[PDB]
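*Asks:* Below: one structure in structure tokens.
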Amino acid sequence: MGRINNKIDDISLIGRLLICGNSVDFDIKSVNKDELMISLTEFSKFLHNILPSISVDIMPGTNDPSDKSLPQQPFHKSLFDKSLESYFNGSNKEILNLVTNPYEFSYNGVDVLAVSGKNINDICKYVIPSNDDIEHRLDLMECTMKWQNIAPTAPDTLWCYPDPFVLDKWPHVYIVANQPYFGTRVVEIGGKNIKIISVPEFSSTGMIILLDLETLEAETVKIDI
Amino acid sequence: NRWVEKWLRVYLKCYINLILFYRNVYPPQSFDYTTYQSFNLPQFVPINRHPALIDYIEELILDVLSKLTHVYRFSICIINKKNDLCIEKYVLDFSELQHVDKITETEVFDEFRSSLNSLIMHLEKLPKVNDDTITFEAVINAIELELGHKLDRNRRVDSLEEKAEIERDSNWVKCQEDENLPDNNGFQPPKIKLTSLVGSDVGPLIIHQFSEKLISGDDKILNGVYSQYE
Amino acid sequence: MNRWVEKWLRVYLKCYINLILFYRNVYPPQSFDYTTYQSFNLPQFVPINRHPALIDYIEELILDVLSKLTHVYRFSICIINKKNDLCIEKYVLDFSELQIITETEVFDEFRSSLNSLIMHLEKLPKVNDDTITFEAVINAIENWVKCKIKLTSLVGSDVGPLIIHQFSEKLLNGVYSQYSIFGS
Amino acid sequence: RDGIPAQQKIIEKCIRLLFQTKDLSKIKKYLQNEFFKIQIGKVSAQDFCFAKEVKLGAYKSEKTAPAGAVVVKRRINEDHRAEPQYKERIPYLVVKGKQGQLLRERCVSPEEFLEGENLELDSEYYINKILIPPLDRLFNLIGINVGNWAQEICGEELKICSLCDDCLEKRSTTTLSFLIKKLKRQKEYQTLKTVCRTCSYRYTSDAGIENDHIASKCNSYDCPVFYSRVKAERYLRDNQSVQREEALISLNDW
Amino acid sequence: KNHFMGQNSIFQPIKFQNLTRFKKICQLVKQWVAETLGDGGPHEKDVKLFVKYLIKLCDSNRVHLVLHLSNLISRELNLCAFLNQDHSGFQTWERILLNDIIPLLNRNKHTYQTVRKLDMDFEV
Amino acid sequence: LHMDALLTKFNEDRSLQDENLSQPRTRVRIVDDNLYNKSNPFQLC
Amino acid sequence: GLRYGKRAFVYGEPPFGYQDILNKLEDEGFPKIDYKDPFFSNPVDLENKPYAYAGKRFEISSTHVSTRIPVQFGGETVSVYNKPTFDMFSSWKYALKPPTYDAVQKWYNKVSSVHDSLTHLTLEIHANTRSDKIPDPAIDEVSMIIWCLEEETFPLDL
Amino acid sequence: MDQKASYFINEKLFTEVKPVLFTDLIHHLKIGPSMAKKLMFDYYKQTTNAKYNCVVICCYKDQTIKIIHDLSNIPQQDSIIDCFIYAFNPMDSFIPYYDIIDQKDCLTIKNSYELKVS
DNA sequence: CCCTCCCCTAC
Ligand code: SF4
């Protein structure tokens, strides 16, 4: 909101805020509805305190109460405080929009692909004696882009369907969440330029990424305590 | 009588957990900062993870709430493990409690948060307490009730409620005011210290709070329990 | 008045003697009855010796003590180390009552005194077997034969004419060994 | 071996509790919990199968034939090559049946029981005839009977009665509970599938596609993981799951 | 509930200026002491009423409330310094809050049963 | 430098400008062309 | 040692000892060790009914304080008959002891170049059955055979 | 603006035990963040009773927001671009509580997209 | 309610 840095001109350049998932972390094996409701009410309080200042886009996460399959549907129309009824009337979705786990945000004519990161964690959990670092993760992202698919490990990532994961148009910017390391790289495959950004988790090393659409540049802001 | 009891139980649980954590009655490693303890706690009150301790605290809170009509003062007594001397007394004064059988959750939880914050502010300023050299007790002050005399009829239990009632009736013993305090030896007699703290003043719940501290002695009192100077 | 005092003092003395006997090693465990007896409606288990002879002897001693209650100033139970003939521990019940008081007040006072005694005996260090013997001693104010301290005060009856004060004192050659007495 | 593994485990646990704690209240509570679990249906369905050998040529008549002989003959009728060897144990289960039906009539085979869409095990018959006699024999010497303990035990949610089958809306709580249940079931199914894939890697020697299909093709009846996977699939494909999805859609229609 | 409360609640709170809630009367006292500083001195009747309320409050074994009120007055006086100092209002208020309060703290050491053992000097 | 030195170096010389709060500056308008386009490949029923 | 006092009367020595008490009790007719019979943790399961089987009476009692008989002096139980008389402004203290510091800390801390055997051969088959009918030695042919001679006891190393 | 924000801070700090942030003053007096920071700087002085623990953050050149905990050795002294008191804490533990704030006209940056109902 | 057949175990 510009309250901390006080640079109104610089802060106002942030048109939209995109939450990539993992808003609430819980163990589904032993969890009650009361604690999840408390966490969701806290998240709704934050959203109501930040929605007037900036638009917020909510994306499903791996540990969030959403479908375990990779094509996760949006969170719900429910699970939020009663103060969000105006935002959830249905007509006003431009400032608070919930999308599926894989989506193509056409932000100001720039199409970007964002996922929760379950696929990368799925290949990471496998041990391949033929090939967990930032460079290794970036090489994995490069291989994923080159193979023209989003989830190379189909059984681990998705379960059946009701194939969307087969790419039909290359996005300008690749966004993957829930990664221990942050890295950015510009690539050139087949004469096309694709940017890959791996935003890190906010619970540990809570740094965020500011992606400038004009110059295709990403800068990191670190928050300590 | 439905929502009031829940809020009172939550407040008592947070009070007991904070008192145990900040006075080093139990190791801080066992205590964990958490918000959910099957109830919506007002703040991040540290709750111990010991199942036996959790059950004991819950049973104590339930027993206190069961006789809250005849109880006008609830206190937590801190006594040294070595010698039976009360070195710290924390009192939750229930002056009126507005007992009505006929306020929302935000205001009550705000008052509870303010009370717990004042208690924490009082507790941090206190000196550190050595490990495995302190114990806590529960002493309540009543107006009109007799405990332990309900087993004179040889009653046979048939339901869980009556068994719990007969257990709670005989779980208290009669004591006297100013019993565990030093007996005023006269050689630099101890002078207890009184500190006043703000209490919750919601419409259904009116609560006053204060604490007692020895802050004195005549040798053999507060010895090796305050971690020397600091 | 005095009828209730004597009636409850008999039971209180019997329970105190039995608890002192069981919690120490004057007599071996699993020789008492701690499962089917309650002293003063306390949640704690009060043990009673299964041998009729020992119980009869204890009752006779209590009755003899109460017969001369107006002439005894102090009553105590001693802990004696074998082959040393020294009083390692002494549990003294001071008497200062003067010969009104309701029955339930006396009952509650005795219940509190027994609770304090049980709590004090619970934390006592473990003692090895076949090394301790007990003896009852009374002090005359102003059969029976002529005869470092760690005092621990216990709450006694003070609800009126009863001014009984309970306290214990402590301090052997390796008799005390650290080791849940109800687990066997 | 004439009984079931579940009764053996229950008897062993009860005997151990009686010999160690000597508290009949704990045994009663455990027995009530087990009976409630059996009545509800949250059982592995593998420890409730009998194992009795059958001798085809050593039976006086069809009427005197054992319970497993009926299953053996039923399997032989559909295929003559399924002839068991002499003194070979034949697993079978007892599904629920009409009042007065003979025990040998049902004789539900595990293959037919698992494949059955609307086949429910006889919880009452098992609970009585497999638990009450042996527990009574082991406990009547003390002076108590297990029969008393056994006999003492419209709407999506449990409002007594109520479309969506829900009287109180409570959207923020009902949808949270539905999501929690669905997430737990999905996580259990995913863990079971991963375990089955890892087990089938022994033959497949591959962790990618075309091995999960082989892992799901497994139908071994000697492994509890297969029974758990079958139960999870039935729960996912049950009408209750459809009702929960419809209720979620109705609540999210605002 | 059992014909033993004796009032609307288990105990009858001390009422001053037709006020019952302790926080409400504390805020009223804070407002009074804040506005009285600029007036050059509180009225004698108000001080007498406050003293009577304090002595009634002590007589019911509520010395914690008296200590809380004294702490509130002392905190207000401390926080009003460097801005409301030496205007004939702070000196008189400090003198009153000393003379009519500090000695009044160590009186009537009762707890509905005999007299409390030892003594207390209070944090104040 | 001490905390007080930094505080008196930074906060004391506050600009106190461009903070009228009566006419706040408008945020950069970023639109989502796929918000109403629908036809999401990953959308499932 | 601790002095008895200025004027103290000593009682007679106890008739029994630490080791002879058990032998005397056994000779009296009671078992040396009174092993606890099966009981009920809570009296709610007692049901207040006679427990018997095949004409043999069984006595079952709970260890809870509700059903425990009061301590009797001289063979006669003692109890209060008059109604309790509660006074005003009475203070009470909890009886049950809390868990100790040591227990909590411990809980947190833990959480020959001569052939003397027989040659062995193993065979298994695979048959391509039609639909689901199992192998049939009349309409189904053998498609694969696997053999594995036991190398542990197989000599000649051919 | 003085004698009102100071009184509000005094009340929120001592009448009820609760840490106060500058956003609270933005909600209360509807003033800009710079004015609220100046108010915290003014209130930090002329206070004899040190009954609160001030919380000061550091805004680095790389926008590395850090909470000061040692108050003795702050790394990169020359790299700090802004310094002000984040909040006043009456005790060591912060544990702030957040609720619904009706920001009707206290916004300093307003999104280009408005809100419409029905 | 008791007999017969089948299953299973202990020595
Ligand atoms: S079922 Fe049992 S055996 Fe068959 S695959 Fe899954 S685990 Fe391996």
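For the record, the sequence lines run as chains A, B, C, D, E, F, G and H.
For the first sequence, the residue numbers in the authors' numbering are 241 to 371, 390 to 420, 425 to 487.
For the second sequence, the residue numbers in the authors' numbering are 2 to 103, 108 to 235.
For the third sequence, the residue numbers in the authors' numbering are 1 to 99, 107 to 149, 176 to 180, 196 to 219, 227 to 234, 239 to 243.
For the fourth sequence, the residue numbers in the authors' numbering are 1221 to 1373, 1401 to 1405, 1407 to 1410, 1413 to 1504.
For the fifth sequence, the authors' numbering puts the final residue at 985, and the numbers step up evenly by one.
For the sixth sequence, the authors' numbering puts the final residue at 43, and the numbers step up evenly by one.
For the seventh sequence, the residue numbers in the authors' numbering are 513 to 623, 661 to 707.
For the eighth sequence, the authors' numbering puts the final residue at 118, and the numbers step up evenly by one.
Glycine included, every Cβ here is placed at the ideal spot set by N, Cα and C.
Contact criterion: CB-CB distance below 8 Å. Does A:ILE278 meet it with respect to chain B?
*Replies:* yes
*Asks:* Nearest by alpha-carbon distance to D:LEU1323: which of D:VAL1291, D:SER1264, D:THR1441 is it?
*Replies:* D:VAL1291
*Asks:* Using the beta-carbon of each residue, which ones in chain A are nearer than 7 Å to residue 105 of chain B?
*Replies:* Here chain B breaks off after 103 and picks up again at 108, leaving residue 105 of chain B without coordinates.
*Asks:* Looking only at its chain, what residues have a beta carbon closer than 6 Å to the beta carbon of A:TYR436, apart from the 5 residues adjacent to it on each side?
*Replies:* Within the same chain, Cβ atoms closer than 6 Å to the Cβ of A:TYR436 are found at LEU353, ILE458, the five residues on either side in sequence being excluded.
*Asks:* For the putative contact between D:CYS1269 and D:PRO1311, defined by C-beta atoms under 8 Å, what is the C-beta separation to the nearest angstrom?
*Replies:* 5 Å
*Asks:* Quick check on DSSP: helix, strand or coil for C:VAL11?
*Replies:* helix
*Asks:* Does the contact criterion of 3 or more C-beta pairs under 8 Å hold for the stretch 124 to 144 of chain B versus the stretch 80 to 100 of chain B?
*Replies:* Taking a cut-off of 8 Å for Cβ pairs, the stretch 124 to 144 of chain B and the stretch 80 to 100 of chain B touch, as three or more such pairs fall below it.
*Asks:* Is C:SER120 close to chain G, meaning its C-beta is less than 8 Å from at least one C-beta of that chain?
*Replies:* no
*Asks:* Whole angstroms are fine: how far does the CA of D:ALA1271 sit from the CA of D:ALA1482?
*Replies:* 25 Å
*Asks:* Are there any heavy atoms of the ligand SF4 lying less than 7 Å away from the beta-carbon of D:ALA1457, as far as the coordinates show?
*Replies:* no
*Asks:* Strictly below 9 Å CB to CB, what residues from chain B border G:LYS622?
*Replies:* Residues of chain B passing the Cβ test: none, with the nearest at roughly 12 Å.
*Asks:* How about A:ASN348 and F:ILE28: are their beta carbons less than 8 Å apart?
*Replies:* yes
*Asks:* Taking A:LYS358 as part of the alpha helix (DSSP H), name the residues at either end of that continuous run.
*Replies:* 358 to 364
*Asks:* How far does the beta strand (DSSP E) with H:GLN103 in it extend, from its first residue to its last?
*Replies:* Taken as a continuous stretch (DSSP letters only), H:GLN103 belongs to no beta strand (DSSP E), as it is neither H nor E.
*Asks:* Which same chain residues, not among the five before or five after A:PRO426, have their C-beta less than 8 Å away from its C-beta?
*Replies:* Excluding residues within five positions, the ones whose Cβ falls inside 8 Å are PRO311, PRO342.
*Asks:* Hey, G:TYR620 and B:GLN99 are a contact pair by Cβ (cut 8 Å); roughly how many whole angstroms apart?
*Replies:* Not a contact, Cβ separation roughly 41 Å.
*Asks:* Hey, out of A:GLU463, A:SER252, A:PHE266, A:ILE456, whose CA is closest to A:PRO442's CA?
*Replies:* A:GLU463
*Asks:* Out of curiosity, what's the CA-to-CA distance linking A:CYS364 and D:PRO1330?
*Replies:* Cα to Cα, A:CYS364 sits roughly 40 Å from D:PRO1330.
*Asks:* Considering just the uninterrupted stretch of the alpha helix (DSSP H) at E:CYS887, what are its terminal residues?
*Replies:* 883 to 898
*Asks:* Quick one: using the 10 Å Cβ neighbour count with 16 as the cut-off for buried, is H:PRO90 buried or exposed?
*Replies:* buried
*Asks:* Is E:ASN960 helix, strand or coil by DSSP?
*Replies:* E:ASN960 sits in a helix when the DSSP states are folded into three classes.
*Asks:* Would DSSP call A:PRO413 helix, strand or coil?
*Replies:* helix
*Asks:* Can you tell me the Cβ-Cβ gap for C:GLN214 and G:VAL577, rounded? I've got them flagged as a contact below 8 Å.
*Replies:* With 8 Å as the limit, C:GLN214 and G:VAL577 do not qualify as a contact, their Cβ atoms being about 23 Å apart.
*Asks:* Between H:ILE68 and B:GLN44, is the Cβ-Cβ spacing less than 8 Å?
*Replies:* no
*Asks:* Report the CB separation of D:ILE1464 from D:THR1454 in whole angstroms; it is logged as a contact under 8 Å.
*Replies:* 5 Å
*Asks:* Please state whether DSSP places D:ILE1235 in a helix, a strand or coil.
*Replies:* helix
*Asks:* Comparing the CB of D:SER1264 with every heavy atom of the ligand SF4, is any distance shorter than 7 Å?
*Replies:* no
*Asks:* Should the stretch 685 to 704 of chain G be regarded as contacting the stretch 969 to 979 of chain E, the criterion being three or more beta carbon pairs within less than 8 Å?
*Replies:* Contact fails: fewer than three Cβ-Cβ distances are below 8 Å.
*Asks:* Is D:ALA1465 near the ligand SF4, judged by its Cβ being under 7 Å from some heavy atom?
*Replies:* Yes - the ligand SF4 has a heavy atom lying nearer than 7 Å to the Cβ of D:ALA1465.
*Asks:* With a cut-off of 8 Å, does the C-beta of H:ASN111 fall near any C-beta of chain A?
*Replies:* yes
*Asks:* Cβ of D:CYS1449 versus every heavy atom of the ligand SF4: is any distance shorter than 7 Å?
*Replies:* yes
*Asks:* Compare the C-beta of C:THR109 against all C-beta atoms of chain B and say whether one is closer than 8 Å.
*Replies:* no
*Asks:* Could you check what DSSP says for A:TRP432 in three-state terms: helix, strand or coil?
*Replies:* coil
*Asks:* By the 7 Å beta-carbon criterion, what residues does the stretch 950 to 976 of chain E contribute toward chain B?
*Replies:* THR972, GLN974
*Asks:* Determine, for B:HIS154, whether the minimum Cβ-Cβ distance to residues of chain G falls below 8 Å.
*Replies:* yes
*Asks:* Would you say C:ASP94 lies against chain G (beta-carbon separation less than 8 Å)?
*Replies:* no
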